[PDB]
Every structure is written in structure tokens, then in C-alpha cells.
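So this first bit is one chain, no partners, the form deposited without this ligand, shown in C-alpha cells.
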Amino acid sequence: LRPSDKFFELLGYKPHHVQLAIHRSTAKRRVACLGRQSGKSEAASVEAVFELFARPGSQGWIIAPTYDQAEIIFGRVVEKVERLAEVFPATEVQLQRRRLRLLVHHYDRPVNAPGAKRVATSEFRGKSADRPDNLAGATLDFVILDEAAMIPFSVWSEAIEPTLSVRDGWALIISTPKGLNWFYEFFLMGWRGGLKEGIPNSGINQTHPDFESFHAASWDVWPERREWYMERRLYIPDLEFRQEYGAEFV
């Protein structure tokens, strides 16, 4: 199952075309190469909230290059989780902000009723690629990689991938591109939108069935902001413009 329109209305969430494309995908590896202001954080956070409530017991991580970057999405998951638990009487939220750890306990009846027994607990943690030591494994049903192109591949291949494969969990791998590194390879394994400027080997690339890839420049999400973006090229180095806004692999 995936999050529905009904679930989006519970969240007060109105996704755009790109976000929606991501939510409708069932690929176990989703790779999103998007420009700034694409809505990446929200769509990621919405995915985490769903798992926690719809798959009681599920365990997931969000990891970013730094604890400060991870705190963004984690914070949005907290708001949504705590608010949403109001319409799920048989849940109770527990938070440890300092450890970036969020617990959703599920009960065999409404929490405010006598005799309430704790059946399952869902867990969500924030993690940092620059704190490898705190990446002691856990059995993950899901994981979000934020600014993935700036996370060393080793963190994926050694600390994340293997645990996912255990419970056959999914990964949402998001970034603005940072040249032709591992993130670009992964993007290409899922790219089915044919030839496109900014994406080398597109249109002749192979794809893996478990991979689905999404692409959007900032001005694709915000067309009315295109001119502004373009006029920033006057004081933004060209390569920074092509990547952060144009979402180009360079």
C-alpha cells in the first residue's frame, strides 16, 4: 500500500506533480534528482509518517551529510506524527529530540482506556554521514538519504544497503546533483524519461526494475520563478547554477 489522497488530507498535504510521481511509485529504490525548492523535504517526511502509522513496528532512518541537515526532515516528521496521532486513539507518541529518535507505540485499544496493552512500536531516527560511529546497524523497513550526492557511497554500501535487504525495505534517495558520482549511477539505473540535457548517457542507458528515477529543475516546480533563477547567473558561478537549480550532472 501507498499513502492515498485520504491520507494526504489527514496530513494537510497537497503535493505537486513531482511529489505525486514519487508517492505513486512502488520502486524499492526511488532516486530523485531535484533542484532546490523542489519540495523534497516534505515529500520525504510524508513518506516517513505513513510508514510509522500504516506499518506498525516499521523502523526507518533519515540520514544526511550532517546532523543539522538531518534535523530538517526529522523535524517535519515529528510535527506531522505528533499531530496525526490525535486521530489514532490507539497510538501514543514518544520523542527524544536530543537523540533524534521518534517512537510511535501502537496499542490493543485506545490509549485513554483502562487495560491498554502495547502491541507494536514504530521507530524513526535522524542520522549523520559525518558521524559514522553512530551508524551501528538496525533492521530497517525504510530509509531516506537527503543530499545523497554529498554522502560517501561507503555509507550506503556498508551501513545502509545490507540492512534494507534483510526486511526488503525501500530507500528514497534524494539530492541536488554533485557531478558524476554514485548518485548519478543510481539515478541512471531508474531513468526512463529518455534523452535530456544535463543527464549524460540518458536515452541510451540501461535500467534496473527495482529503480525509478525522477528529475526536475527548480523552475519546473516553480515556473513563475524561472526568470529570477536565470538572473541569478550574474553572481552565481555557472556550475553551481546548473546543479543547484538546473539539476544537471556536470
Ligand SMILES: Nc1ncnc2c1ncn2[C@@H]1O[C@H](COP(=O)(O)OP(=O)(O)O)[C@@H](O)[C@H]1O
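Each residue number is its position in the shown sequence, starting from 1.
Engineer: Given the B-factors recorded for C-alpha atoms, which segment has the greater mean, 65 to 73 or 50 to 58?
Structural biologist: Going by the record's values, the stretch with the higher mean is 65 to 73.
Engineer: Quick check: 162 to 170 versus 145 to 153, which has the larger average CA B-factor in the record?
Structural biologist: Comparing 145 to 153 with 162 to 170, the higher mean C-alpha B-factor belongs to 162 to 170.
Engineer: Of the choices 195, 31, 189, 43, which one's C-alpha carries the largest B-factor in the record?
Structural biologist: Most elevated C-alpha B-factor of the set, per the entry: 195.
Engineer: Classify residue 85 as lowest, middle or highest third according to the C-alpha B-factor given in the PDB entry, relative to its own chain.
Structural biologist: As the PDB entry reports it, the C-alpha B-factor of residue 85 lands in the middle third of its chain.
Engineer: Should residue 23 be placed in the lowest, middle or highest third of its chain by the C-alpha B factor in the entry?
Structural biologist: Lowest third of the chain for residue 23's C-alpha B-factor.
Engineer: Would you check the entry's CA temperature factor for residue 139 and let me know if it's in the chain's lowest, middle or highest third?
Structural biologist: Highest third - that is where residue 139 ends up once the chain's C-alpha B-factors are sorted.
Engineer: In terms of the CA temperature factor given in the entry, to which third of its chain does residue 180 belong: lowest, middle or highest?
Structural biologist: According to the entry, residue 180 has a C-alpha B-factor in the chain's lowest third.
Engineer: Hey, what third does residue 103 fall into on Cα B-factor, ranked over its chain?
Structural biologist: CA B-factor rank for residue 103: middle third.
Not on display, but discussed next: the form deposited with this ligand bound.
Engineer: Can you say which of 55 to 63, 34 to 42, 191 to 199, 207 to 215 gets within 4.5 Å of this ligand in the bound PDB entry, counting heavy atoms only?
Structural biologist: Contact-bearing stretch, as computed: 34 to 42.
Engineer: Is there a heavy atom of residue 13 lying 4.5 Å or less from a heavy atom of this ligand in the bound PDB entry?
Structural biologist: Residue 13: contacts this ligand in the bound PDB entry.
Engineer: Using the partner position in the bound PDB entry, report whether residue 105 sits within 4.5 Å of this ligand, counting heavy atoms only.
Structural biologist: So residue 105 does not count as contacting this ligand.
Engineer: Is there any non-hydrogen atom of residue 125 lying within 4.5 Å of this ligand in the bound PDB entry?
Structural biologist: The answer is no: residue 125 has no heavy atom within 4.5 Å of this ligand.
Engineer: So which residues in 78 to 109, when you check this ligand in the bound PDB entry, have a heavy atom no farther than 4.5 Å from it?
Structural biologist: Nothing in the stretch sits within 4.5 Å of the partner.
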